[PDB]
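As stored in structure.cif (mmCIF, N, CA and C atoms and all ligand atoms):
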```cif
data_final
#
loop_
_atom_site.label_atom_id
_atom_site.label_comp_id
_atom_site.auth_asym_id
_atom_site.auth_seq_id
_atom_site.Cartn_x
_atom_site.Cartn_y
_atom_site.Cartn_z
N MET O 90 56.18 -27.80 26.46
CA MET O 90 55.07 -26.91 25.93
C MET O 90 55.02 -27.00 24.39
N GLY O 91 56.03 -26.50 23.72
CA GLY O 91 56.06 -26.53 22.23
C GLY O 91 55.51 -25.22 21.66
N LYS O 92 55.11 -24.26 22.50
CA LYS O 92 54.59 -22.98 21.96
C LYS O 92 55.77 -22.06 21.52
N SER O 93 56.80 -21.85 22.36
CA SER O 93 58.02 -21.07 21.90
C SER O 93 59.28 -21.35 22.82
N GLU O 94 59.72 -20.36 23.62
CA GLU O 94 60.97 -20.50 24.48
C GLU O 94 60.86 -21.60 25.57
N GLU O 95 59.69 -22.04 25.91
CA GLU O 95 59.54 -23.01 27.05
C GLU O 95 60.44 -24.26 26.90
N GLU O 96 60.59 -24.79 25.71
CA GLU O 96 61.36 -26.10 25.56
C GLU O 96 62.86 -25.91 25.88
N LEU O 97 63.49 -24.86 25.36
CA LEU O 97 64.97 -24.69 25.62
C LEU O 97 65.25 -24.48 27.12
N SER O 98 64.35 -23.84 27.82
CA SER O 98 64.56 -23.61 29.28
C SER O 98 64.72 -24.97 30.02
N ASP O 99 63.98 -26.01 29.64
CA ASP O 99 64.19 -27.34 30.32
C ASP O 99 65.64 -27.80 30.06
N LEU O 100 66.09 -27.65 28.82
CA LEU O 100 67.50 -28.00 28.46
C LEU O 100 68.51 -27.15 29.25
N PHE O 101 68.24 -25.88 29.51
CA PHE O 101 69.25 -25.07 30.29
C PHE O 101 69.47 -25.74 31.66
N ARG O 102 68.39 -26.10 32.35
CA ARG O 102 68.54 -26.88 33.64
C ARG O 102 69.28 -28.20 33.35
N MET O 103 69.00 -28.80 32.21
CA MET O 103 69.69 -30.08 31.82
C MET O 103 71.19 -29.80 31.66
N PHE O 104 71.53 -28.72 30.99
CA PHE O 104 72.97 -28.39 30.81
C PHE O 104 73.58 -27.93 32.14
N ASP O 105 72.86 -27.13 32.91
CA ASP O 105 73.42 -26.69 34.25
C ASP O 105 73.43 -27.89 35.20
N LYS O 106 74.41 -28.02 36.05
CA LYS O 106 74.46 -29.25 36.92
C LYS O 106 74.27 -28.91 38.39
N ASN O 107 75.03 -27.96 38.90
CA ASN O 107 74.95 -27.65 40.37
C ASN O 107 73.86 -26.60 40.69
N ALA O 108 72.98 -26.29 39.74
CA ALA O 108 71.91 -25.22 39.93
C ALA O 108 72.56 -23.83 40.13
N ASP O 109 73.75 -23.63 39.60
CA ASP O 109 74.43 -22.28 39.69
C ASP O 109 73.70 -21.23 38.81
N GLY O 110 72.98 -21.65 37.79
CA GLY O 110 72.22 -20.66 36.93
C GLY O 110 72.94 -20.38 35.60
N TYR O 111 74.18 -20.77 35.45
CA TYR O 111 74.92 -20.55 34.14
C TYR O 111 75.43 -21.89 33.63
N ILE O 112 75.69 -22.02 32.37
CA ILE O 112 76.31 -23.29 31.91
C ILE O 112 77.82 -23.03 31.90
N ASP O 113 78.58 -23.91 32.51
CA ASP O 113 80.06 -23.70 32.64
C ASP O 113 80.80 -24.92 32.10
N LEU O 114 82.05 -24.78 31.78
CA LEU O 114 82.86 -25.95 31.27
C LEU O 114 82.84 -27.08 32.31
N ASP O 115 82.91 -26.73 33.57
CA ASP O 115 82.81 -27.76 34.66
C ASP O 115 81.50 -28.52 34.51
N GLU O 116 80.44 -27.83 34.18
CA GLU O 116 79.13 -28.50 33.97
C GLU O 116 79.15 -29.30 32.64
N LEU O 117 79.76 -28.74 31.60
CA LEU O 117 79.83 -29.47 30.27
C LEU O 117 80.64 -30.76 30.41
N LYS O 118 81.76 -30.73 31.12
CA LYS O 118 82.59 -31.98 31.24
C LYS O 118 81.81 -33.10 31.97
N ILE O 119 81.00 -32.77 32.96
CA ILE O 119 80.17 -33.84 33.64
C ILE O 119 79.28 -34.52 32.61
N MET O 120 78.63 -33.75 31.76
CA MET O 120 77.79 -34.38 30.69
C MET O 120 78.64 -35.27 29.82
N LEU O 121 79.83 -34.84 29.46
CA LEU O 121 80.70 -35.72 28.63
C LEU O 121 81.08 -36.98 29.42
N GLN O 122 81.35 -36.84 30.71
CA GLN O 122 81.66 -38.05 31.56
C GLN O 122 80.46 -39.01 31.59
N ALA O 123 79.24 -38.48 31.64
CA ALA O 123 78.02 -39.37 31.64
C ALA O 123 77.90 -40.04 30.27
N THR O 124 78.19 -39.29 29.25
CA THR O 124 78.15 -39.79 27.84
C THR O 124 79.19 -40.94 27.66
N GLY O 125 80.34 -40.87 28.32
CA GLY O 125 81.36 -41.98 28.21
C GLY O 125 82.16 -41.86 26.91
N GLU O 126 82.34 -40.66 26.41
CA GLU O 126 83.13 -40.46 25.15
C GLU O 126 84.46 -39.78 25.49
N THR O 127 85.31 -39.57 24.50
CA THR O 127 86.63 -38.90 24.77
C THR O 127 86.36 -37.52 25.40
N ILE O 128 87.12 -37.13 26.38
CA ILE O 128 86.88 -35.80 27.02
C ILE O 128 88.07 -34.90 26.67
N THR O 129 87.80 -33.73 26.18
CA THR O 129 88.91 -32.78 25.84
C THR O 129 88.56 -31.41 26.46
N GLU O 130 89.30 -30.98 27.46
CA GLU O 130 88.97 -29.67 28.14
C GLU O 130 89.10 -28.51 27.14
N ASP O 131 90.09 -28.56 26.26
CA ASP O 131 90.25 -27.48 25.21
C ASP O 131 89.01 -27.45 24.30
N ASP O 132 88.46 -28.61 23.96
CA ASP O 132 87.19 -28.65 23.15
C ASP O 132 86.08 -27.99 23.96
N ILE O 133 85.98 -28.34 25.23
CA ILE O 133 84.96 -27.69 26.11
C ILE O 133 85.23 -26.16 26.13
N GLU O 134 86.48 -25.74 26.20
CA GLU O 134 86.81 -24.28 26.14
C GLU O 134 86.30 -23.68 24.80
N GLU O 135 86.46 -24.37 23.68
CA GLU O 135 85.88 -23.82 22.39
C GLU O 135 84.38 -23.71 22.51
N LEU O 136 83.75 -24.69 23.12
CA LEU O 136 82.28 -24.59 23.30
C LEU O 136 81.97 -23.36 24.17
N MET O 137 82.80 -23.07 25.16
CA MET O 137 82.57 -21.85 26.01
C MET O 137 82.60 -20.60 25.13
N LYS O 138 83.55 -20.50 24.21
CA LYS O 138 83.61 -19.27 23.34
C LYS O 138 82.34 -19.14 22.50
N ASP O 139 81.85 -20.24 21.94
CA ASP O 139 80.55 -20.14 21.20
C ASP O 139 79.44 -19.80 22.17
N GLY O 140 79.42 -20.43 23.33
CA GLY O 140 78.33 -20.18 24.31
C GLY O 140 78.42 -18.78 24.93
N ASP O 141 79.60 -18.34 25.32
CA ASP O 141 79.70 -17.01 26.02
C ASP O 141 79.72 -15.86 25.01
N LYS O 142 78.57 -15.42 24.61
CA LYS O 142 78.46 -14.29 23.59
C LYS O 142 79.05 -12.99 24.13
N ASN O 143 78.81 -12.69 25.39
CA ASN O 143 79.30 -11.37 25.96
C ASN O 143 80.74 -11.50 26.52
N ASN O 144 81.39 -12.65 26.37
CA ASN O 144 82.76 -12.86 26.99
C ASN O 144 82.70 -12.56 28.50
N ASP O 145 81.62 -12.95 29.14
CA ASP O 145 81.48 -12.76 30.64
C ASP O 145 82.00 -13.99 31.41
N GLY O 146 82.54 -14.98 30.73
CA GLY O 146 83.10 -16.19 31.41
C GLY O 146 82.01 -17.22 31.75
N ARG O 147 80.74 -16.91 31.54
CA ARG O 147 79.65 -17.89 31.88
C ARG O 147 78.70 -18.01 30.70
N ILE O 148 77.98 -19.09 30.60
CA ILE O 148 76.94 -19.15 29.54
C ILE O 148 75.61 -18.93 30.27
N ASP O 149 74.99 -17.81 30.02
CA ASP O 149 73.70 -17.45 30.71
C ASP O 149 72.52 -17.93 29.89
N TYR O 150 71.34 -17.94 30.46
CA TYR O 150 70.12 -18.38 29.70
C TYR O 150 70.03 -17.60 28.38
N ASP O 151 70.26 -16.30 28.39
CA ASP O 151 70.17 -15.53 27.09
C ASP O 151 71.25 -16.03 26.12
N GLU O 152 72.48 -16.18 26.61
CA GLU O 152 73.57 -16.73 25.73
C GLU O 152 73.17 -18.15 25.30
N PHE O 153 72.57 -18.90 26.21
CA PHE O 153 72.11 -20.28 25.91
C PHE O 153 71.00 -20.29 24.85
N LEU O 154 70.05 -19.36 24.93
CA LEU O 154 68.91 -19.35 23.92
C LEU O 154 69.48 -19.35 22.49
N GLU O 155 70.51 -18.57 22.25
CA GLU O 155 71.17 -18.61 20.90
C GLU O 155 71.95 -19.97 20.80
N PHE O 156 72.60 -20.36 21.89
CA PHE O 156 73.46 -21.61 21.95
C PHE O 156 72.64 -22.88 21.68
N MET O 157 71.47 -23.02 22.29
CA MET O 157 70.65 -24.29 22.09
C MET O 157 70.38 -24.52 20.60
N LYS O 158 70.18 -23.48 19.82
CA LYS O 158 70.01 -23.70 18.35
C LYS O 158 71.29 -24.34 17.78
N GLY O 159 72.44 -23.98 18.30
CA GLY O 159 73.72 -24.58 17.82
C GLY O 159 73.78 -26.06 18.24
N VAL O 160 73.31 -26.41 19.43
CA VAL O 160 73.39 -27.85 19.86
C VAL O 160 71.97 -28.40 20.13
N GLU O 161 71.61 -29.44 19.42
CA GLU O 161 70.30 -30.13 19.66
C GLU O 161 70.52 -31.64 19.76
CA CA O 201 75.75 -23.91 35.87
CA CA O 202 78.41 -15.38 29.12
#
```
Please go through the file and, once you have read it, give me the structure as structure tokens.
Amino acid sequence: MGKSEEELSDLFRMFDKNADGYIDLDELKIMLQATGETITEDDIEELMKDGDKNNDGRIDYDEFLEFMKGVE
């Protein structure tokens, strides 16, 4: 779209893998495996702390809306 929130929502489905509705470290590591670069679970855990604003253990679309600005 390009009008406002519509573009990041396509990326949330891109970041989510099993259609669970949240972005999780298990989902982040699959993207790193597709990328073919060094994989570090502790690095993925640091990404979870930036992504999980409410410390609920999951990255939700609202947590992601702030998160997508951090990663483009
Ligand atoms: Ca997910
Ligand atoms: Ca969360």
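Excluding residue 118 (chain O) itself and same-chain residues fewer than 4 positions from it, the residues having an atom within 8 Å of it are residues 113, 114, 122, 123, 124, 128, 129, 130 and 133 of chain O, counting only N, CA and C atoms.
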Using N, CA and C atoms, can you export the residues from the last selection as a short mmCIF file (atom, residue, chain, number, x, y, z; two decimals), in the frame of the given file?
```
data_model
loop_
_atom_site.label_atom_id
_atom_site.label_comp_id
_atom_site.auth_asym_id
_atom_site.auth_seq_id
_atom_site.Cartn_x
_atom_site.Cartn_y
_atom_site.Cartn_z
N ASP O 113 78.58 -23.91 32.51
CA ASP O 113 80.06 -23.70 32.64
C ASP O 113 80.80 -24.92 32.10
N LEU O 114 82.05 -24.78 31.78
CA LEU O 114 82.86 -25.95 31.27
C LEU O 114 82.84 -27.08 32.31
N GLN O 122 81.35 -36.84 30.71
CA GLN O 122 81.66 -38.05 31.56
C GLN O 122 80.46 -39.01 31.59
N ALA O 123 79.24 -38.48 31.64
CA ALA O 123 78.02 -39.37 31.64
C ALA O 123 77.90 -40.04 30.27
N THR O 124 78.19 -39.29 29.25
CA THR O 124 78.15 -39.79 27.84
C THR O 124 79.19 -40.94 27.66
N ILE O 128 87.12 -37.13 26.38
CA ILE O 128 86.88 -35.80 27.02
C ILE O 128 88.07 -34.90 26.67
N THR O 129 87.80 -33.73 26.18
CA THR O 129 88.91 -32.78 25.84
C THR O 129 88.56 -31.41 26.46
N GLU O 130 89.30 -30.98 27.46
CA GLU O 130 88.97 -29.67 28.14
C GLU O 130 89.10 -28.51 27.14
N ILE O 133 85.98 -28.34 25.23
CA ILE O 133 84.96 -27.69 26.11
C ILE O 133 85.23 -26.16 26.13
#
```
* Name all residues at most 12 Å from residue 100 (chain O) (count only C-alpha atoms; drop same-chain ones fewer than 2 positions away) and give them as a ChimeraX atom specification. => /O:94-98,102-106,111-112,150,153-154,156-158,160-161
* **Surrounding residues of region 138-141 of chain O excluding itself and chain neighbours under 2 positions, 8 Å, all atoms listed in the file, as an MDAnalysis selection string** => chainID O and resid 132:136 143:149 151:153 155:157
* Using the chain letters and numbers from this document, which residues of region 103-153 of chain O does DSSP assign to alpha helix (DSSP H), as JSON, numbers by chain? -> {"O": [103, 104, 114, 115, 116, 117, 118, 119, 120, 121, 122, 123, 124, 130, 131, 132, 133, 134, 135, 136, 137, 138, 139, 140, 150, 151, 152, 153]}
* Between CA of residue 107 (chain O) and atom C of residue 137 (chain O), distance in Å (one decimal) -> 18.5 Å
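Take atom C of residue 116 (chain O) and atom C of residue 101 (chain O): the distance between them is 10.4 Å.
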* For atom C of residue 109 (chain O) and atom N of residue 142 (chain O), quote the distance in Å rounded to one decimal. => 16.1 Å
* Determine the nearest neighbour of ligand CA 201 (chain O) from the options O:127, O:119, O:159, O:110, counting all atoms listed in the file. => O:110
